[PDB]
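A short write-up of the structure that comes next.
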Amino acid sequence: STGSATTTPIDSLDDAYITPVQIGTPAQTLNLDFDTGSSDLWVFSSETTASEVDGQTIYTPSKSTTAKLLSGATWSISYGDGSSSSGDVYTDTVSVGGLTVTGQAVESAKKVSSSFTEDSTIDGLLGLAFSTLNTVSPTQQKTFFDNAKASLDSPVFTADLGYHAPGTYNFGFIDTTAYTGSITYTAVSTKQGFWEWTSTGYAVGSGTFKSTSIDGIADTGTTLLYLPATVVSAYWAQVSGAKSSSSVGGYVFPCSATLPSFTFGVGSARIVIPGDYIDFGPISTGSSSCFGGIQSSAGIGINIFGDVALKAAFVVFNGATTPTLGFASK
């Protein structure tokens with residue numbers, strides 16, 4: 032079996048991407064944030080504190096003839112940006128782009144933090160990291176991908192995120208028409224539960240490539256590209272007027288700047304992030320100071336190849352016995 036679903040930026044900045052997901056019988060369609068950096072499928076629901084729901088579409092398990100309460104099961108998660116959510120668990124039928132899993136754990140929010148409430152376009156998350164990170168207690172649950180793996184034509188899913196435009200998540204097959212040249216595969220460590228790999232280095236604009244190992248995670252659920260302070264300083268040093276602002280919380284630059292591209296290495300291959308991808312607009316409405324899309328990972332504890340990087344590539348998440356990551360230009 033295979034599945035294919037269109038993923039869409041939630042706003043003009045590509046702050047995140049939502050993908051429609053069918054839950055329950057009859058189908059309830061929710062727009063979820065597919066997140067290769069986490070492993071919970073959780074949804075706004077009929078159980079969510081009323082004051083914490085504002086515009087999201089909710090999952091009502093009492094209206095699904097296939098929903099079953101997973102007795103005694105709870106969940107609670109906190110994300111790298113300080114947001115959090117928690118609740119109870121049902122199992123139900125979940126379909127993505129024509130691909131169906133029966134008995135998928137659907138984590139029903141009783142509580143969400145303000146940032147989720149404030150984001151009316153995101154109805155929940157669909158985690159695609161390794162099931163070892165799933166927060167369900169006392170019995171950990173498997174991800175949608177993990178549940179579907181055995182039935183897929185090939186044990187893979189691919190992320191093809193768009194720059195200011197729709198893109199695609201495919202399950203079970205590689206669309207050879209969706210990229211240019213070849214896919215370069217690179218090793219993955221699952222030891223922290225992530226799609227963790229090592230980039231072979233970087234270049235800034237038309238500058239020479241620096242060979243250097245950068246360990247980080249492929250994370251569709253993170254907006255920006257977070258890299259070591261040395262790398263990030265080397266990048267922003269090529270932008271006149273750019274500076275790291277404590278008050279704003281990162282590198283800012285004059286909105287009148289033309290940004291250089293950023294290249295990262297995948298083995299001997301190179302992915303070029305166009306400079307326009309690195310512009311995340313005014314720090315506040317009407318400001319002429321713009322927020323940069325490449326930021327320091329210092330104090331995160333890990334480097335994060337988020338959407339800024341991934342959207343410049345066709346990315347294969349290979350869930351074979353020994354998982355690997357593949358990157359192609361597009």
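Each residue of the sequence shown is one higher than the one before, starting from 32 at the first, in my numbering. Backbone N, C-alpha and C fix where the C-beta goes; we use that ideal spot for every residue, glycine too.
Nearest-angstrom beta carbon gap, residue j and residue i [assumed within contact, 8 angstroms]
i      : j      : result
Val270 : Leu256 : Incorrect: roughly 15 angstroms between the Cβ atoms, too far for contact.
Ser360 : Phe295 : So it is not a contact: roughly 12 angstroms between Cβ atoms.
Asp177 : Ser32  : That pair is no contact at about 15 angstroms.
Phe65  : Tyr200 : 6 angstroms
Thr56  : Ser77  : About 16 angstroms; that fails the 8 angstroms criterion.
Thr79  : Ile89  : 7 angstroms
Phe358 : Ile302 : 6 angstroms
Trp228 : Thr217 : 5 angstroms
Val283 : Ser276 : 5 angstroms
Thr105 : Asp119 : 6 angstroms
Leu258 : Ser328 : 6 angstroms
Element boundaries [alpha helix (DSSP H), containing residue i]
i      : result
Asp338 : 338-341
CB contact flag (residue i, residue j, <8 angstroms)
i          : j      : result
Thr189     : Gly298 : no
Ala181     : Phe202 : no
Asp123     : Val137 : yes
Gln135     : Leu192 : no
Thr67      : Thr251 : yes
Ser139     : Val74  : yes
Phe336     : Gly198 : no
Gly306     : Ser287 : no
residue 19 : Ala249 : Absent from the structure is residue 19, since the part of the chain shown begins at 32 and ends at 361.
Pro186     : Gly34  : no
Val262     : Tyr233 : yes
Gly155     : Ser70  : no
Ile54      : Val125 : yes
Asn334     : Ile245 : yes
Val235     : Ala260 : no
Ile153     : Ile309 : no
Endpoints, beta strand (DSSP E) assigned at residue i
i         : result
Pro285    : 281-285
residue 6 : Here the chain has residues from 32 to 361 only, and residue 6 is not among them.
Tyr308    : Neither: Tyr308 is in no beta strand (DSSP E) and is coded neither H nor E.
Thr39     : 34-40
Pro51     : 48-54
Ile325    : 325-327
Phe358    : 355-359
residue 8 : Any answer about residue 8 is impossible in this case: the structure gives the chain only from 32 up to 361.
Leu72     : 72-74
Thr294    : 293-297
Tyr200    : 198-202
beta-carbon residue i near the ligand ZN non-hydrogen atom, thresh 7 angstroms
i      : result
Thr352 : No copy of the ligand ZN occurs in the structure displayed, which carries no ligand at all.
Ranges of the alpha helix (DSSP H) found wholly within the stretch 214-278, counting only runs of at least 4: 260-267
The stretch 96-110 in contact with the stretch 209-224 per 3-pair CB rule at 8 angstroms: no
Beta strand (DSSP E) segments (min. 3 residues) lying fully within the stretch 79-125: 99-109
Stretch pair the stretch 335-345 + the stretch 271-285: three plus CB contacts closer than 8 angstroms: no
Length at least 3, wholly inside the stretch 122-176: the beta strand (DSSP E) runs in chain order: 130-143, 155-158
The stretch 83-95 in contact with the stretch 42-53 per 3-pair CB rule at 8 angstroms: no
Stretch-stretch touch, CB-based, cutoff 8 angstroms, three pairs: the stretch 144-152 with the stretch 100-119: yes
Contact between the stretch 345-356 and the stretch 314-325 (3+ Cβ pairs under 8 angstroms): no
Contact the stretch 159-173 vs the stretch 321-329: 3+ CB pairs below 8 angstroms: no
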